[PDB]
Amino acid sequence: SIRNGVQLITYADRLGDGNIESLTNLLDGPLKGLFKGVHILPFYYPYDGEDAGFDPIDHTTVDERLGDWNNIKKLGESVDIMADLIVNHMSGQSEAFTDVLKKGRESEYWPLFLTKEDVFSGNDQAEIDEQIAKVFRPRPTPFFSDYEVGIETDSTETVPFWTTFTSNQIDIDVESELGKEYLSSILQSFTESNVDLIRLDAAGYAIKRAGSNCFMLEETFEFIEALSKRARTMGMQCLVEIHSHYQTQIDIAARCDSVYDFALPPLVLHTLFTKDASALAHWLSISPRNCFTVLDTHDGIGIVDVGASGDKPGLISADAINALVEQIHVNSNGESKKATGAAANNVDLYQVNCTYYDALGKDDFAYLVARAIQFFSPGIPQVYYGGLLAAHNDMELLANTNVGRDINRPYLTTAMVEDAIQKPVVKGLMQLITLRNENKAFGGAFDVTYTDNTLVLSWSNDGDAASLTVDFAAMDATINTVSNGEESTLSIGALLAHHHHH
């Protein structure tokens, strides 16, 4: 149901001249023939709030500055589309919540939102607080937000609403009938708009049980599967997004349709920094196959994704993680330090804000080797729009907005795309994308080998075959293919040289 090929991650306004139609034109011209799918980052009203699309006021409507649902429908006629579903909460400025403020318990939308009384039914405030302490929260934001409701009636009441993220995001009761209707209505627009893939956001929080940590409970999995089952009947498929310890990604992927591979970004950097693919080869021996792979995302480079968690070990040692973080700062000449928040130890760093290209010191050969490793690992490969064009760290935008992640969210106009696709490293990347799109071997069986400083990633399907051999002693990377009756050998170094001369 999903086209096996390379996908693009983009904002609808930051690649092209600023709207969906402009992006569609790009995918029809300069970027034609590259992507079987496109993850369009949150495009709902509004896309340019405090959390860059992930805090929409009205999740049910496209931001009219970007277009409408028919623009999405048109773009998805020929390519798979991935779109975001924020399942856990709604905006305090949404029409449903403002109605609750106006009419209180007389509101039609009252059961839609999660309050303190919905979860804790006792009256021992000391006991309720001891159980509130067990709830897992990402930031020291308010636990409840006390809104006055019924302001347009003769009765008022102050209600503590559950607010996991900010006081302007009200957690909804996804177990109520209204909550299922709200989520179903967005899925409805999706399937009517040729959306194929649903990235579920904050789903790990969506189910609350007093006494538990309210995070990825068994009841949370049951909710996720009920949501995913509905999405499947509507012709779509779900992706459970999370940044966690690697064993949690494995556990989720065994029960859910898809996960991200967030181990590859730091492991591939570490592999290239140290010329040791032991940890990379270990991961590929156990990694979920139902995944979407990335090097860069719209966020920063996740580090805790391969680090320890409590008593559980990481995929590389603490020493390797600290040396990986430090090498990124060295390769970006300190630019990533400017964009990344302070931390006592790098082993505790959530994310390093830096382009993947700058994390590799803008080494064109290593970067093409990195993306070849990504394409030859199992799962659907996604290419971030910035990394597709080898965009450097955007220090100007960083200084302007003071938002750490903007170092990796450049505004790349149609004109800048036309220039960037002329760069040899970009031309080399597009040739790799074409190989990954057209060889049927990736639809078959996988094997990973690491002996004598030589990593081999092999695929075979029907009569087609494709293998990536990375010799770290010789610093050579070679792709061998069988297809169309042809046997072909593509040296990555020869690939990059060819595009410098021709």
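Residues carry their position along the shown sequence, with the first being 1.
Take the C-alpha B-factors listed in the entry for 254-262 and for 100-108, compute each mean, and give the stretch with the larger one.
Between 254-262 and 100-108, it is 100-108.
Higher-scoring stretch by recorded Cα B factor average, 140-148 or 340-348
It is 340-348 that shows the higher mean C-alpha B-factor.
Identify, among 279, 354, 132, 391, the residue whose C-alpha carries the highest B-factor in the deposited PDB entry.
It is 132.
Name the one of 367, 120, 292, 384 with the greatest CA B-factor according to the PDB entry.
By C-alpha B-factor in the record, 120 ranks first.
Quick one: classify residue 297 as lowest, middle or highest third of the chain based on its Cα B-factor.
Its C-alpha B-factor belongs to the lowest third of this chain's values.
Entry-reported Cα temperature factor of residue 199, expressed as the chain third it lands in:
Lowest third - that is where residue 199 ends up once the chain's C-alpha B-factors are sorted.
Pull the Cα B-factor of residue 45 out of the PDB entry and bin it into the chain's lowest, middle or highest third.
Lowest third, going by the recorded CA B-factors of the chain.
Chain third (lowest, middle, highest) by recorded CA B-factor, residue given as residue 412:
CA B-factor rank for residue 412: lowest third.
Please rank the C-alpha B-factors of the chain's modelled residues and tell me whether residue 10 sits in the lowest, middle or highest third.
As the PDB entry reports it, the C-alpha B-factor of residue 10 lands in the lowest third of its chain.
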